[PDB]
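Q: Quick one: the structure is below, and I'll ask about it shortly.
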Ligand SMILES: CCCCCCCCCCCCCCCCCC(=O)OC[C@H](COP(=O)([O-])OCC[N+](C)(C)C)OC(=O)CCCCCCCCCCCCCCCCC
Ligand SMILES: NC(=O)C1=CN([C@@H]2O[C@H](COP(=O)(O)OP(=O)(O)OC[C@H]3O[C@@H](n4cnc5c(N)ncnc54)[C@H](OP(=O)(O)O)[C@@H]3O)[C@@H](O)[C@H]2O)C=CC1
Ligand code: SF4
Ligand code: SF4
Ligand code: SF4
């Protein structure tokens, strides 16, 4: 009944998250002219298992300066958030048809920043604390543009129902109508998901590991997997928003093939984009955001509200 | 001395002291410190290891090139001993398991192997042997810790005529499972000790004082046969440990005089976990039992090694238990425990 | 037309390397299936290409 | 049988750890650059586990590359204790092995053994980049011949 | 002769500003960066498949000292000790003694692997090409002691390789 | 036997390029803007 669908959703999501470590080290290498993880497992099919098993068998360190109460809620607050965020995704017929799904996705996206904020406080180290402090301030600054991009896009779509996305985007991809906002949206995804040029914390040398500065194997599994988990989905959210497929009621297989391929290709570009650009300095993040990204997004929201009024093109919410 | 056994050097790492101290079961606490002392002036300390080489890896840094010669051995195998002490001019026993194992009956860990290594060493052609007994070693005591210690103590005494048997008191150190133990009732519960502590007086001793005792016993020729007892500087009634330890760690003091009846149940339940018996039924009455004076046998004080007070060095083991808010607190902020002693 | 030609070359790799068992062995032992000419075998059983 | 069960678990844990080490770079001298060629595509190491996760907390094996100095002595050491177990250290090159070309010098401790328990020694000045890949591989097989769960069963 | 580097001047005309404005808004040099990496993705890798594939070397490679022997069988080292004097790390420890036959032979030849630097000076020292650096690098160890080589290990290394290093000095003594 | 050390051929070697030869690829500045606006108008319609 219902529960068997719950595991049938989150469990394949979780197992895909573990494997994404492989391609991060492999397709980068095949672009870096390296080989990527190949020796362990046929074609490196078993490296994520080897990666995940020691993290669940290595010693879980709790620094004496770390509050154990805060040390344990945060990794749960992060991973669980990523999984429950998947429930309104419109996989043919979504598991959760929340008519306010767009707000629902955005609301707990803001809830994500408590995961880093508490971890930075829990770790309680001078370098660690500032690293999280000037990490949360980045994520919150990128949500204002995130909301405005969303608000403009579904204004032409209709209501906030995530299932309506496939109805408005019937004949033409929505990107053809909001491509100036699509790249506006795509870079915003690159920043909330904590990936280069906004890797920042998880940067292997930017903040050595940022949210994982003192946070090693054991509980660290639920803090380096969650960021990669949001990567597949927030790209998939872009796939639904701007690259919507077709859904035949008598054959939902077509939209499963099309959406999965589209979101997998986007994640390739997401892994493509780390291996081609440097890291923004902290001031450059705000300079790019508040003074170039923020004004442009406002102007585009100016345009996308009048255009349905301009051409009598208001969408039906029902 | 033998042609190459003759000592040489200023007591450095690459100085030969001529003492070949094959220590038995050095992969824990006192073994770690004695080899550290043994390797300081330079000595071929052949350590028969039985666990994974990884856990024995940390003994390597305290020895010069070609000094810490780890050797595979097994307790049951008769030839296992004979190979590791064949050329050792001195043998320092350290075998023994403070907790219990199904394959290792508590008789063995203080009777079988200690007798199983004392006779081979005397057959090999050694000069000395040091088997570590307990300061309270007494078979008639209800302590299987004491019951197995005493019978094994006289067996090696009977087997080895020159068996310099050492009977230290409750030693304390970084991994003594005595201080870090007594800090652990806060984690476990409300200090389920017996009679609020006003029934037991013990005399803890700092491990380096103990370890310096054996090596000083090595150079001392008259130590053969004589049964030295390693005793701390001052005794301590059991309650004073509990409040002082909870003070030098800044832990919430929650004492509770739980009688021996229910405290014996929690011993077996701690052994229930089939990975390590945190507390055993032997450890139930182990702490309730007090330390006898034992004044006739000579101590380390006349051997040249003085005794360091417990309150002099507590956070060196207990700063780990100190929370972040109070990790910086030293002895001075904490009152000294009542020295119930001689 | 090159796609099937390269795919045909891939099939020759499977057939040349001991068919099924040979290809599976070298993939799970050497992590490669490149078929190559034989130079010989000195004394042990270690084959070189 | 029980020994079979503990053998299968031992293989599963050992195969995971040996195949996916996460080394942390502690290069100090020319021994760092040649290992740093193992990162170069010629002798790629990320082909088998050893990856860029770095983050000395998230590290299994530490490679001490280059000469070790007395003023470097404590800061390197405190890194080793903070490194969670299973921790193994790789001695890179003649200088880190036993002091090498500066053995008779005042600002270098002869070898890393005086500081950390060295599990593997790779000779060279500097060792060839692929020779370390062999050293990592032989360390990998060293983990393969480990009996942690077996030795626990005997106890 | 010399040359500036950052002396390009931006043109202010309508055409030039349009390309720069287009570049800023429509990220093109960023896409150019993307194209560079993507073209490299479809570029074949150069990852040598160790141990099955091994990196190239030259007949002059230096490593893993090994005393040689004359075609008759007697070892080459006559204890001329030029290698000891030359050795810039003093890793060599040689003690001589008159052998029962009468000719010299080193009774003690220890070269400390973790004091040596593989500079290749020692082969250039002894005029009897006694000690040479072989082609081995596959002698990584797990205990510091086995690195401390002696005369017996050195001879065993020499007898082990010999044939490989026999051709190496045959194809290189012309250069020397 | 005369000198046989490693020598370049009498013609030396092939002239090796060393200039900065970044190939200017792209589209006209107005063309990029025009095609961007054109897709928007088509999408709006
Ligand atoms: C009738 C028409 C109506 C609509 C007309 C709208 C106007 C015409 C179109 C304008 C351009 C489109 C909107 C603006 C886009 C640029 C916003 C901006 O701030 O740019 C300058 C900004 C900032 O440039 P800057 O910092 O050098 O200069 C800005 C100006 N100053 C200096 C004064 C602040 O550029 C960027 O943000 C660069 C990208 C950063 C992120 C790195 C990754 C980029 C990956 C690119 C490849 C992948 C793209 C994927 C696209 C999505 C796919 C689904
Ligand atoms: N306060 C105290 O704790 C006092 C203790 N003692 C006695 O001193 C001895 C050593 O104490 P300590 O160093 O702190 O103890 P640890 O538990 O730290 O170490 C005990 C050692 O004994 C070895 N060992 C025990 N039984 C066997 C066996 N059957 N086969 C192989 N090795 C064995 C262990 O080897 P492995 O680790 O591989 O099992 C280990 O090296 C013990 O007998 C102890 O009871 C004496 C006086 C006071
Ligand atoms: S061993 Fe050689 S290469 Fe390595 S640090 Fe020392 S001198 Fe440099
Ligand atoms: S290679 Fe150089 S340092 Fe090494 S033994 Fe020969 S002369 Fe000495
Ligand atoms: S230089 Fe050569 S011949 Fe002379 S002692 Fe050394 S190895 Fe022997």
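Protein chains in written order, with the deposited numbering: chain 1H, 1 to 318; chain 1P, 1 to 342; chain 1q, 1 to 49; chain 1B, 25 to 179; chain 1I, 1 to 176; chain 1Z, 4 to 48.
Ideal Cβ positions, reconstructed from N, Cα and C, are used throughout, including at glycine.
#1: Near residue 31 (chain 1Z), what residues of its chain come up, given a Cβ to Cβ distance below 8 Å and the 5 sequence neighbours on each side ignored?
#2: Write down every uninterrupted run of the beta strand (DSSP E) in the stretch 56-123 of chain 1B whose length is 3 residues or greater and which is fully enclosed by it, in chain order.
#3: So residue 149 (chain 1H) contacts chain 1Z; which residues on that side make the cut at Cβ distance below 8 Å?
#4: Output the distance between the C-alpha atoms of residue 156 (chain 1I) and residue 66 (chain 1I), rounded to the nearest integer angstrom.
#5: For residue 128 (chain 1P), which option in 161 (chain 1P), 327 (chain 1P), 141 (chain 1P) and 108 (chain 1P) has the closest C-alpha, if you only look at C-alpha atoms?
#6: Since residue 34 (chain 1P) and residue 26 (chain 1P) are thought to touch, with beta carbons under 8 Å apart, how far apart are those beta carbons, to the nearest angstrom?
#7: What runs of the alpha helix (DSSP H), each 4 residues or longer, lie entirely inside the stretch 95-143 of chain 1I?
#8: What residues are listed by DSSP as bridge partners for residue 202 (chain 1P)?
#9: Short of 8 Å Cβ to Cβ, which residues in the stretch 122-146 of chain 1H face chain 1P?
#10: Name, please, each residue of chain 1Z whose Cβ falls closer than 7 Å to the Cβ of residue 19 (chain 1I).
#11: Do you know offhand how far residue 56 (chain 1P)'s Cα is from residue 179 (chain 1B)'s?
#12: Return yes when the Cβ of residue 118 (chain 1H) is within less than 9 Å of the Cβ of residue 77 (chain 1H), no when it is not.
#13: Take residue 26 (chain 1q) as the anchor and find which of 131 (chain 1H), 43 (chain 1H) and 110 (chain 1H) has the nearest alpha-carbon.
#14: Check the Cβ of residue 46 (chain 1Z) against every Cβ in chain 1H and list those closer than 9 Å, keeping chain order.
#15: Using only the alpha-carbon positions, how far apart do residue 161 (chain 1I) and residue 170 (chain 1I) sit?
#16: In chain 1I, which residues lie with their C-beta within 8 Å of the C-beta of residue 277 (chain 1H)?
#17: Tell me which residues of the stretch 16-28 of chain 1q have at least one Cβ-Cβ distance to chain 1H shorter than 8 Å, keeping chain order.
#18: Looking only at its chain, what residues have a beta carbon closer than 8 Å to the beta carbon of residue 40 (chain 1H), apart from the 5 residues adjacent to it on each side?
#19: Step through the CB atoms of chain 1P and report whether any lies within less than 9 Å of the CB of residue 119 (chain 1H).
#20: Under DSSP, the alpha helix (DSSP H) around residue 260 (chain 1P) begins and ends at which residues?
#21: Quick test of your reading: residue 23 (chain 1q) and residue 39 (chain 1q), contact by CB under 8 Å. State the CB separation rounded to the nearest angstrom.
#22: Using DSSP bridges, identify the partner residues of residue 251 (chain 1H).
#23: Give me the chain 1B residues within the contact set of residue 94 (chain 1I), using Cβ-Cβ distance strictly less than 9 Å, ordered along the chain.
#24: Output needed for residue 77 (chain 1B): all residues of its chain with C-beta closer than 7 Å, excluding positions within five of it in sequence on either side, in chain order.
#25: Could you check what DSSP says for residue 2 (chain 1I) in three-state terms: helix, strand or coil?
#26: Could you work out which residues of chain 1P lie near residue 145 (chain 1I), taking near to mean beta carbons separated by less than 8 Å?
#27: Would residue 145 (chain 1B) and residue 58 (chain 1I) be called neighbours here (beta carbons separated by less than 9 Å)?
#28: Runs of 3 residues minimum, wholly inside the stretch 91-135 of chain 1H: which ones carry the beta strand (DSSP E) assignment?
#29: Which residues of chain 1I have a Cβ atom closer than 7 Å to the Cβ of residue 118 (chain 1B), listed in chain order?
#30: Could you check whether the stretch 34-52 of chain 1B touches the stretch 74-94 of chain 1B, counting it as contact only if at least three pairs of C-beta atoms, one from each stretch, sit closer than 8 Å?
#31: Does any CB atom of chain 1B fall closer than 9 Å to the CB of residue 325 (chain 1P)?
#32: Once the 5 residues before and after residue 243 (chain 1H) are set aside, which same chain residues still bring their CB inside 6 Å of it?
#33: Within the continuous beta strand (DSSP E) that includes residue 142 (chain 1B), where are the two ends?
#34: Tell me, please, whether the stretch 52-65 of chain 1B touches the stretch 84-92 of chain 1B by the rule of three or more beta-carbon pairs shorter than 8 Å.
#35: Is residue 39 (chain 1Z) near ligand 1, with its Cβ less than 8 Å from a heavy atom?
#36: Under 8 Å by Cβ, that's how I've got residue 192 (chain 1H) and residue 142 (chain 1H) pegged, so tell me the actual separation to the nearest angstrom.
A: Result, derived from the coordinates:
#1: none
#2: Counting whole runs of 3 or more residues, the stretch 56-123 of chain 1B contains the beta strand (DSSP E) stretches 85-89 and 112-116.
#3: Simply none; closest approach about 16 Å.
#4: 8 Å
#5: The shortest Cα separation from residue 128 (chain 1P) among 161 (chain 1P), 327 (chain 1P), 141 (chain 1P) and 108 (chain 1P) belongs to 161 (chain 1P).
#6: 7 Å
#7: 121-125
#8: 236 (chain 1P)
#9: 124
#10: 32
#11: Straight-line Cα distance between these residues: approximately 16 Å.
#12: yes
#13: Of the candidates 131 (chain 1H), 43 (chain 1H) and 110 (chain 1H), the one whose C-alpha sits nearest the C-alpha of residue 26 (chain 1q) is 43 (chain 1H).
#14: 172, 173, 174, 175, 176, 177, 178 and 179
#15: Straight-line Cα distance between these residues: approximately 15 Å.
#16: 30 and 33
#17: Correct list: 27 and 28.
#18: So the list reads 46, 47 and 50, once near-sequence residues are dropped.
#19: no
#20: Note, residue 260 (chain 1P): alpha helix (DSSP H), 260-272.
#21: At roughly 21 Å, the Cβ-Cβ gap does not stay under 8 Å, so residue 23 (chain 1q) and residue 39 (chain 1q) are not in contact.
#22: 248 (chain 1H)
#23: Neighbours of residue 94 (chain 1I) in chain 1B, taken as residues whose beta carbon is under 9 Å from its own, are absent, since the nearest beta carbon is some 17 Å off.
#24: 46
#25: coil
#26: Within 8 Å Cβ-Cβ: 65 and 66.
#27: no
#28: Runs of the beta strand (DSSP E) inside the stretch 91-135 of chain 1H: none found.
#29: 114, 115, 116 and 117
#30: yes
#31: no
#32: 173 and 262
#33: 142-146
#34: yes
#35: yes
#36: 5 Å
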